[PDB]
Structure formats: C-alpha cells, structure tokens
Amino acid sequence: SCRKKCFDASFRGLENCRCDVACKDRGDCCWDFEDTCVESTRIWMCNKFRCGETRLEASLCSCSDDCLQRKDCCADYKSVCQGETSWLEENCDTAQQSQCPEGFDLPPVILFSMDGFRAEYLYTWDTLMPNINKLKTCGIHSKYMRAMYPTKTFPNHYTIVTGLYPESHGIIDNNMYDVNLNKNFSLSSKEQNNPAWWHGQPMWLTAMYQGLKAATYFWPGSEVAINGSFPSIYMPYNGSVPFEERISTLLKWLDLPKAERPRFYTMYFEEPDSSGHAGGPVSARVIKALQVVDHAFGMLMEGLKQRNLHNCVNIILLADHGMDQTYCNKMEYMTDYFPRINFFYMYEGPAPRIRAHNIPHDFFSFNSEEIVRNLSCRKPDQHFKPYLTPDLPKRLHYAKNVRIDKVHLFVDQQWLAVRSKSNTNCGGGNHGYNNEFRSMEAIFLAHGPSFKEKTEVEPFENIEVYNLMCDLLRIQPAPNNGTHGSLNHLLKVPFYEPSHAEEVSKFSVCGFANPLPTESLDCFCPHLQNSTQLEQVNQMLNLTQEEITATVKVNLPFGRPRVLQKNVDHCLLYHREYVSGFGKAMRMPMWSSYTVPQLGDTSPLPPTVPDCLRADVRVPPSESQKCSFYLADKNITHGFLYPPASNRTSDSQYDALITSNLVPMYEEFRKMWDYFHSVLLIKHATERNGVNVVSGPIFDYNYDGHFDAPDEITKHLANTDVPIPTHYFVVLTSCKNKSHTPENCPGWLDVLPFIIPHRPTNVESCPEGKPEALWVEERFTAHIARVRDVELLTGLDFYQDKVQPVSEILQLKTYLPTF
C-alpha cells in the first residue's frame, strides 16, 4: 500500500504497486493510493486512510502523529484517530469555569450567524442537523428570535451587534439613497464601505474600546472602518471561501497566544439563505444547505472539544431573518395604479419604498402624500397597504431617518410589489416582510459556561442580543434599544441586575375643596337643574380615605404609572370606577386606569349620555379644558378616555362626564375608539376573567418613538395650548392564570398593548361603508405593540408596585403579542 509512501517514485509495494503521480496513467497504483495521497490533501477530516499519515505539503489539515504539537490537526482527529468520543456523541455535560483551560479566565464569545435560517427549519428538520440539534438539546434555545423590519440581511446583522433599530444605526435596507450625502448604498458598490452610513457602536468595537480584541469572519459592517476603526482582525468578504476554511481560521485564532487572542468572535454563513432563494424554504436545495451548515458547525464543536473549549466558550447561533415562498402570480404592479410611473423610483420586493426619480433635486418636492393617497383602497383585494412612514405601526420603529423614504408599502404574506410586469424576480424564496410573519422568524441558540442548560425560553427580539453579549464579556454596553436585564433568565449569574426607574416628577394633590365649580367652563348639563342637584353629584367625586384605598386596590392593582418626564406637574383623580393621572399643563390625563370585570351578560355598552358635561371641581379652571374649545375648533371634537357608559351603578356615569376625562378626538377616530370600548373591550374582559385598562394620549410629532416635549408639539386645540395627540395607547393587563382576576393575581401578568394612530380619516382600514364590526378590531390588531413602546412614547413606567423580580417585569414589558 501507499501509507507513508506518497509520491515516492522509489517505492515498490505489493506486486510492485506504485505510489507516484505518474502511477495513475500506468494503472499500477496501490489500491489505497487515491484516498491516502490525492484526496487526503483536499478534505478537512481524518479517516482510516489518513490516521498516522506522513505529512504532505498541500494538506488543508493534518492527521499525522505530531499534528497536536504543531496545532494543525483536523477537527475530528482525536475521535477518528485516537478513538476518543466525539462532541456529538458525548452526553450533555455542564459547562462551567472548571472546563476552561489555563488562560481562558474570561470565556470568549462566538457570535455565529447562518443567514436565512428560518426558525421553522430548526424544528421540522431537527434530526437532519445532528450538531445544531445537540446544541439545541444541551444549551439554551428560544422558540424563535424576532428580527427587525425590513427583514433584510444588512439591517438585521448590524442591529444584532449594535442593539439599535435600523432607523438609528442607519442601515435601513440593503439598498438606499441618502440625500444629504447624495450617495447610493448597495452591496455591489464600494459605497457600502463608506463609514458615513454606519452609526452606533458595533459589538467588536464595544469590546475593543474596553480592552478585548475582536476577530470577525464576514459580518456585515466588519470590513468598514466604523467610527474610524476596523476590528482587531477581519476578513474581506468573499462568499466563495468554503465554510470549513472559515471554521478552521476561527480555531486558529483561538490557538493564538493569550496576549494576542481575541475574546469576541463573529462567524457568518450565506446558507441557508442562498438555497432558500433558489428553491424556496421547502425544497431539496434548502435541505442540502441545512446539512452543509450543520456539518460546518459540527466541525467547530469538534475542534473546540479537541482544545478543551467546548464547555468554555459562550457561543450564540442565530440568523438575521427567516424565509418565505414567492409566486409570480402573487405580484402587484404599480402600472395598475398609475398611468405614468416614469417620475418615481421604486425599491421593489417584499418591503418596497418609492421616491422621486430625479434625485437629489426632487427628493423633497416629491409629493409622497399623493402616491400613498393614489394607492389607498384602489382594489378591494389589493395585497399591500401604502403608508407614509409616520403612519406605520409604531412597533416597527421604521421612520426616523432621511434614508427611509416617506412612501412605504406594507406587503401581504408571500406577495411582491414591483414597478411593472417587466420584473421577474419571483418564483423562488424571499424575505423582508413584516417581522411578525412566522416565516420571517429567526433561530437563536446558545451554549456555554455563562448560559443556563437544557432550557427553552420564550421568543425575544434581536435588539436584545447586544446587551446580552456585553454581559457575557462583562463590559458596558453603548446606549441601545435593548432593555438591559430582559435576557437575564438566559444567564446562570446575571452580570447586570436591573432596578425600577425612580420617578422624576412627583405627584401633587388636586383636592376636593368646594363642591361647586368656580367656573362653568362653557360646559352644559341641563339635566342638573339647580345647584342642590349639582352638589349631590359632585359629592360623588369626594371620596373618603377608605374609598380611595378601595378604588386604588381594584383599579390600580399594579401601582400607579410613574412619570419619568422631568418638570411635569400632575395629580391623581380618584373615582369609584377609575383612577387617572392628570397632566395639568396638557389639561388632560396622561393615563387613566380602570379594571373591567368579567360580566354575565356580554351585552354591548349603550352610548354615553349625550348632552351632559361639567367642570371638575378638583381641577382649577386654568388647568381644565373648556367645552367651548371643541365648538371653536372645527376639525376636531372631544372623546372620553374612560368610557362613561361602562358605569356599574345607576348614577356613577356622572363621575366620567367631567372635563378631566376629556381628550381631543377626530370624529372618525372617535367612532373607532367608541366601538372598541363598547364592544371589543367587553370580549377581552370575559375572555381574560376581567382586564385592567390603562389608556392615555401620545404625542410623537417628530416620529422618533419618544414622548414629545411641549415645544415639539405642532398641533393644538382651537387657539389654546391643549395638545392634539398623534396616538392613543391602550394597555390591557390581566392574570396569566385566567383563574384569577387582575386584582387578585399573585403570579405572572399577561399584556395586550395597543398604540392606535390618531388620524382624521379611517382610510388605513378601507372601510368602504362597512360596519365597524368588520374592520375596527383588524385595525387595533395591526397596531399592537410592546409595553416598552408605550413607555418610550409616554414617559411613563408601569407595574412598579407589582411584587415580582424586575428582570421578569422587563420580560413582560418587551413581550409582543402575535397573531
């Protein structure tokens, strides 16, 4: 045979069999020549033909008797050649600091991304991916990780390592135009390397700035001098480098002397994304790619075990987004809606945008309003909805950036919107859609001495990973949009312990001093004829200390919302059936909290009594609204935050027909608002065994996701300083265990937050004369959000008096209900 005699022309084996290059032409090569001498230089694995081999120059890794000393063994050398158990076959054993070799005092972090790894892959094809499946079994894994919108590669890869929404880190799509720079960004141009596009601080720099070297293998942004700095080590991108070579480089880095060894690593694979596009998410090509990437990841784990690092490394395996199926018969065309399309440019596909064709000249003069108008409610079954970006659901956080064109189209599942029928980028797989579509969900797995073992966690958003990685490396994170501490339940010993945010503006008292108003405020309730009758009704607002305690216990079961705005004067208004926090400068509530019990009759609430409003004797007139403000303002009317018709006693509706419960509402919005509180709210209450409601106004006129300062609000009621909300929020809170009511809930809570836009038409719902039962609920559902989103937009902090660990409350606050 040719063992240890490769290419030796002098050798003559059994029957004079040859082991030289020219042997294959003669036909007298020994039987094992091809496997011992030729193929042994083109593979990354040891086998029976290679173990103990003589070294050859051109081998990608070695199986020689000295490969461990030279630190060039193939990953599987110890298992294949020395007969030791592989990582794959070893049982799940606990990862701890004892399993770190000398010098690995701090465990390194490996951030590993497999582009386009749909969450559903991990469960349908689990046994086809033994190495990933073992990671899933031994380590911690999430049901899925939610990406950011648009579900694209560069925006989401950069979100992962920054903890920032795309609107903040600047990479809002794989293709974009910046009118200020007057430049184009695309993955085929060198402009992608311009640091002007990349904001925030990526993870490798967070580590490097705090003394920890970072090595990146192909992460989007890693070959950019972000903030003027490259990673300690980085590789120029080339999609042709085999996955095995990338893993091999990573293992070599881990062999470096401690003085030079990185402590933060990133790895990136283009699969299963590439095969998903070619064959679709359910296809032979995807199956093959999933097997490829599982093998490459297995190579990494075997190589780590060879080095005694498999239980020392904190590894994270995730993806940037999922994958769905497109169809050429599921395409919308702009030619069907515009006779002339020459004058605008369109970023086509699952998350399209439209801008002026002649840029930069016409970028701002472009009438984005006309585009969205002319695309709204054109066909009853059209498979996309146009939006001006400030009108997009606020949970997407996709508007505050000049690179995000004002015209947006929100496209239905498995559909595409293109310019004309000349576009043929259809038929395969694609992504970019609503990050809530199950097809768009990504995987998240993790394993290491700092993570919990054999644990499944609930879904979370990829903006949270950045804080987690900083906690793993024990460094401080840059300001980001994660909620630091919401992923502590993944860690054995959290590095950061969160606390309640202390209130910034203390409340004052609006006492019940005089039962008769000093001013009528131009409000009329002729049903109340003489002062005596008025005095009786107003006395109902004058609660004993025992009655205040009683209404708080029921209607504020988790404590009052705390105000984190500075220099905001507010007082609480106590009623038997609701408790509000009244903003004196706004002259309206910042929040109103009431608990709706489960009732025997699911009857719809009749309308509020029409012609009866009066001043609130507890609030001075300078801080109260006047009913004449709304008569004076022709474009808006008044609505109620707490629904008066929900009174549970024969006269308690008077408690809600007061100026302190009024908020400015467009007529058309109030129809939607009233239908929700009259019909849908009662269904929620009976489904959840009662529900606690906290609602209030939101002002975000600069659509940056944060509560506006007074001087940022650009619309007011009549000629007053009473601001007009851009949104209203409604947060439904009940007991996760439906056996308890919201008041008597010792365990976990369950939340359903709404941030409904306050718009003067319901064009977003295309009601076309239909009854509210056919579109209101759909519209609220489309505007669900996280409590955290409500907090950011209001300056309020909820649930501080709910006895429960802070980190668990943060899980509740970052939760997104999905449908």
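Note that residue numbering follows the sequence shown and begins at 1.
Per the PDB record, of the two stretches 343 to 351 and 723 to 731, 343 to 351 carries the greater mean B-factor over its C-alpha atoms.
Stretches compared: 488 to 496, 604 to 612. Higher mean C-alpha B-factor in the entry: 604 to 612. When the C-alpha B-factors of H157, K566, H706, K143 are ranked from the entry, the top spot goes to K566.
Within the group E370, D294, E458, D178, the record's highest C-alpha temperature factor is found at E370. When the modelled residues of the chain are ordered by C-alpha B-factor, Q804 sits in the middle third. Sorting the modelled residues of the chain by their CA temperature factor places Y333 in the highest third.
Split the chain's modelled residues into thirds by C-alpha temperature factor. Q625 is in the middle one. In the deposited entry, the Cα temperature factor of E270 sits in the bottom third of values across the chain's modelled residues. In the deposited entry, the Cα temperature factor of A645 sits in the middle third of values across the chain's modelled residues.
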